[PDB]
Amino acid sequence: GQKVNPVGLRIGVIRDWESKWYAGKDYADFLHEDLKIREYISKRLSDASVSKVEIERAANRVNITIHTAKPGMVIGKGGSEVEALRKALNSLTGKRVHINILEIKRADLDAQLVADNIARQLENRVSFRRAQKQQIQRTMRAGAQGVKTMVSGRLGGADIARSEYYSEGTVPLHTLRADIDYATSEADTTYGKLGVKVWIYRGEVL
Amino acid sequence: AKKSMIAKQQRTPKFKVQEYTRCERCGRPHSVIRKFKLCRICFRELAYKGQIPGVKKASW
Amino acid sequence: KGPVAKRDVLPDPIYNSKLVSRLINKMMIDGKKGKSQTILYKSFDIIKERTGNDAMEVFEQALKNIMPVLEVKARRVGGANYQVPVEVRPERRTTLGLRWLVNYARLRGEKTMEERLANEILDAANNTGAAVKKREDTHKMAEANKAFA
RNA sequence: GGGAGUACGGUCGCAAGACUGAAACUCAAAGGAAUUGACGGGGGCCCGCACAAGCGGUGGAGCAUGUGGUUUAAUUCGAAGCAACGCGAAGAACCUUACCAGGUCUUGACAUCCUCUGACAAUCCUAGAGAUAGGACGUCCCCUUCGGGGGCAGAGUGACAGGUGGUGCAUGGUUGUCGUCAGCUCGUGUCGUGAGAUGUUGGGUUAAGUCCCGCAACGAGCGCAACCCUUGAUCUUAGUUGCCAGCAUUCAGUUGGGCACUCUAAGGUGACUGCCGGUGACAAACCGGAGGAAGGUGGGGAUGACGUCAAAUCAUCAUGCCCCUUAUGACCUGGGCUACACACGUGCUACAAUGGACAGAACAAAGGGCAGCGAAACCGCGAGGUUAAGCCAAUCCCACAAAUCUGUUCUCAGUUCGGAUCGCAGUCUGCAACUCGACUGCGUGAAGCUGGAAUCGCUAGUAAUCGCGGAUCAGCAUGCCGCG
RNA sequence: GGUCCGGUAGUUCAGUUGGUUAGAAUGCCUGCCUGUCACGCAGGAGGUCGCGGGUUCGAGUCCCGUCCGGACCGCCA
């Protein structure tokens with residue numbers, strides 16, 4: 001018996017859906033193509049890294065906003081590449097699309113980016129101890145109020161798995177006023193499967 | 001054996017009866033909700049993630 | 001834990017006698033509303049006919065007749081399960097006696113409910129009724145085991 | 001440490017036995033004290049529908065459903081005390097569906113690569129179930145300084161695809177359980193030598209590790225509370241598809257007119273121990289008042305700590321092995337998961353007059369409705385059918401809530417209760433109702449007349465009854481979810 | 001070899017006498033209880049009477065023989 005997802009609980013009261021469009025009688029296919037474009041862009045931008053992408057609807061014209069500073073580097077050199085990929089989104093959606101790039105300053109306190117960092121450090125053969133203990137203090141001095149991070153799977157001791165987590169700070173999950181951002185990521189290793197769960201207390205909301 | 005009969009579901013059958021419904025994101029045949037064409041496991045997943053613009057964890 | 005209680009089936013506060021207390025409220029402990037406030041209020045008139053006096057007076061007279069003043073509960077001691085006499089609270093008195101009247105009314109068996117109940121009300125106004133019978137059996141049990149405090 | 005204070009030989013004793021006292025063999029422990037948990041038919045406190053005190057139930061009968069056993073060709077697999085057994089399944093005639101019989105295919109429905117044909121398909125014919133034999137038009141784009149590219153399918157093609165095939169004791173990710181219980185920890189410092197202790201104990205306090213007071217402890221963190229939702233009183237704004245106070249009108253408070261009132265949905269007010277008396281050191285708090293729609297976390301929901309159960313899931317996911325791709329991978333027809341000598345679990349219907357039957361009179365949620373909801377009228381005594389108005393919905397419809405109240409008959413029976421199971425005749429859906437739907441008109445009418453030993457839920461809108469919707473979806477609800 | 005006994009549920013004993021009825025414990029089966037088992041609590045089936053023959057309206061239970069075992073005797077020179 002495990003905990004409820006914190007952002008899962010906080011959606012709609014202190015968090016927006018990250019899909020801000022109304023539909024009716026088109027809800028199913030709008031939703032489906034939303035998942036399709038999410039999957040496509042996440043797959044093909046994983047190397048550049050991106051946390052969260054919102055979708056917006058107007059006159060049957062989809063429009064997007066995409067996060068993280070690295071797609072900032074995709075603006076300049078990939079400015080041709082931005083048009084090249086959004087051509088694919090046009091082809092998929094049928095009707096043409098608009099996009100926007102928003103830069104997440106201070107990436108050390110984005111849950112998904114942190115999770116992807118941990119996943120990469122794990123998959124290129126670095127020890128969970130070094131990776132996790134370094135990342136927690138990185139985020140803390142980046143200026144979070146509290147962090148708890150956790151990894152699970154066959155943690156080196158391949159013959160049996162276990163769980164482990166570090167944390168330092170204040171992190172209330174039961175309070176429905178905090179801004180506990182949450183993410184999780186999956187890391188595939190030779191000796192099994194590794195999963196990551198990281199969340200950070202940014203601050204309350206008023 | 002899943003790919004073969006998800007493809008069956010995709011293609012039209014020989015009668016209007018046979019076209020049962022399978023969830024589209026994750027191919028479970030049982031317990032789809034028509035309003036999303038989605039079944040509970042991969043429905044709850046993206047529900048907690050944030051998608052499905054209008055729905056929230058209910059309480060009353 | 002701690003004591004708890006409630007009041008209900010309340011008649012009006014002032015210029016109220018027991019007779020109209022029940023004629024507008026009270027008792028009725030037989031089931032859901034309806035089939036009570038009915039199958040009753042008419043039991044009383046049939047005994048207005050059957051006795052040349054106020055049909056209410058016989059009611060609480062029979063009630064007084066049925067009331068116990070001691071009874072016995074069970075306690076685990078050694079291997080005997082001694083039967084220990086105890087007293088009855090002023091409200092426990094009324095609830096249990098009323099209970100005996102109603103359940104025996106639905107046990108005795110005749111053509112129909114209101115005549116059953118009325119016949120028992122008079123058989124308890126006189127001291128020869130089934131509920132009164134259990135009253136004296138509980139009583140003789142109790143002071144036959146009076147010794148146990 | 002056992003072997004054993006036993007064996008043998010002696011000295012004692014009348015005897016029981018006492019003193020002296022080997023060995024072979026065998027084990028890597030046997031032990032002392034302290035430490036932390038667990039546990040006791042140990043103690044001291046405190047809690048919980050835990051028990052008492054009440055209501056109604058479960059098993060006794062019929063049936064609905066799940067499970068065990070048996071049965072088959074198959075009865076697809078998973079689940080196994082609480083915490084599995086109206087559970088995965090929010091729906092099995094085919095489909096689902098994996099399993100069984102038969103008939104069939106091989107780079108394979110599905111995905112990327114390689115070379116061609118260029119845009120490729122669909123309808124209809126006999127065998128027909130796949131599919132194949134062939135047909136009648138019968139393989140027909142965008143850009144190209146025309147070389148050839150882009151996408152679209154078809155053919156061949158070797159790499160490959162497939163695994164609801166195993167392994168939850170390889171895992172992720174999820175979920176139950178103790179448990180909404182009040183605990184669980186760390187920083188620094190002290191004491192011990194060390195396992196360790198303190199804080200976290202002692203007084204009361206509450207639901208609480210809640211608070212206050214002491215205290216080698218001082219603090220912090222996760223838990224509790226609150227922050228969230230929702231129902232309870234009201235202020236402002238808004239009056240249409242709502243509401244009609246006063247008026248004229250009507251059977252259609254529909255109209256005319258107006259937001260008066262309800263109601264609707266946003267923003268505030270609100271209850272915060274706030275105030276008074278007492279108890280308590282004055283503290284924390286507790287008791288009683290008043291105001292108050294609401295007084296002491298008002299009610300309910302959401303929230304589920306560190307962790308135990310190698311708890312469940314390889315059926316979303318992936319190392320690991322094997323199955324091969326002329327087979328455990330695939331397509332089609334039919335059968336099954338619904339079998340039935342019995343056993344158990346969870347439910348519905350009753351066993352009757354606080355009732356049956358007939359007639360009249362009522363009161364009303366929260367939801368759903370566009371391959372939808374489907375009005376009115378007509379047809380049928382019925383399930384329904386005909387032709388269909390309005391409604392993308394505070395307008396239309398689903399939708400005539402039942403229990404209940406009133407009145408007539410029935411007169412205690414296996415009965416006008418009960419309605420099981422049966423033959424006949426129909427309606428609906430679906431290509432399709434034998435295995436294997438539901439509903440209806442007849443005829444039928446079974447067991448059952450309060451259920452052993454045992455056992456369960458419930459602290460007031462609860463239990464008990466009464467209906468009404470809704471997911472699953474053509475049809476399939478005594479189940480589940482929700483509403484009054 | 002003679003005399004006397006008996007022979008019953010799966011096991012042990014009543015009935016076997018009452019010519020006109022097949023019973024009591026244990027075992028076994030189902031359910032409950034317990035986390036499971038064992039106790040324990042509810043319920044339930046059984047033999048149709050060693051074998052064969054005969055009397056009788058009727059044989060388990062009466063009379064015969066056969067099998068089975070068990071008790072007693074089998075002595076005098």
Flagged in segment A:18-55 as at the interface with another protein chain (Cβ under 7 Å from one of its Cβ atoms) and part of a helix (DSSP H, G or I), in numbering order, are A:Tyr27, A:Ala28, A:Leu31, A:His32, A:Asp34, A:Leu35
Which ones in segment A:149-190 are within 14 Å of chain B (Cβ to nearest Cβ), among the polar types (S, T, N, Q) and more than 7 Å from RNA strand D (Cβ to nearest atom)?
A:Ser185
Only listed residue being within 16 Å of RNA strand D (Cβ to nearest atom), more than 21 Å from the chain's Cα centre (by Cα) and over 30 Å from B:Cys39 (Cα atoms), chosen from A:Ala84, A:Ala28, A:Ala88, A:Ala23
A:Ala84
Can you find a residue that is more than 14 Å from chain B (Cβ to nearest Cβ), away from RNA strand D (no atom under 12 Å from the Cβ) and assigned to a strand (DSSP E or B) anywhere in segment C:84-106?
yes
Selection count where residues are exposed (fewer than 14 other Cβ atoms within 10 Å of the Cβ), within 14 Å of chain A (Cβ to nearest Cβ), near RNA strand D (Cβ under 6 Å from one of its atoms) and outside any loop (DSSP other than H, G, I, E, B), scope segment B:1-38
1
Of the conditions (1) within 14 Å of RNA strand D (Cβ to nearest atom); (2) under 28 Å from A:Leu173 (Cβ atoms), A:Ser42 satisfies every one except a single condition; which number is it?
(1)
Heads up, the strands (runs of 3 or more DSSP E) in segment A:118-206 (entirely inside) with at least 1 residues that are among the charged types (D, E, K, R) and farther than 25 Å from B:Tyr48 by Cα are A:162-169
Identify all residues within segment C:12-22 that are within 21 Å of C:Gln61 (Cα to Cα) and either within 16 Å of RNA strand D (Cβ to nearest atom) or among the hydroxyl-bearing types (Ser, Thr, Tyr) (or both); write none if there are none.
C:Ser17, C:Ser21
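Please go through segment A:1-17 and give me each residue that is in a loop (DSSP other than H, G, I, E, B) and either more than 9 Å from chain B (Cβ to nearest Cβ) or more than 9 Å from RNA strand D (Cβ to nearest atom) (or both), ordered by number.
Of the residues in segment A:1-17, the ones in a loop (DSSP other than H, G, I, E, B) are A:1-5, A:12-14, A:16-17.
Result: A:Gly1, A:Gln2, A:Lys3, A:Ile14, A:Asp16, A:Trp17.
We did not get these values from a lab; they are worked out from the coordinates using the rules stated. Every residue, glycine among them, receives a Cβ derived from its backbone with ideal geometry; neighbour counts consider all protein chains shown.
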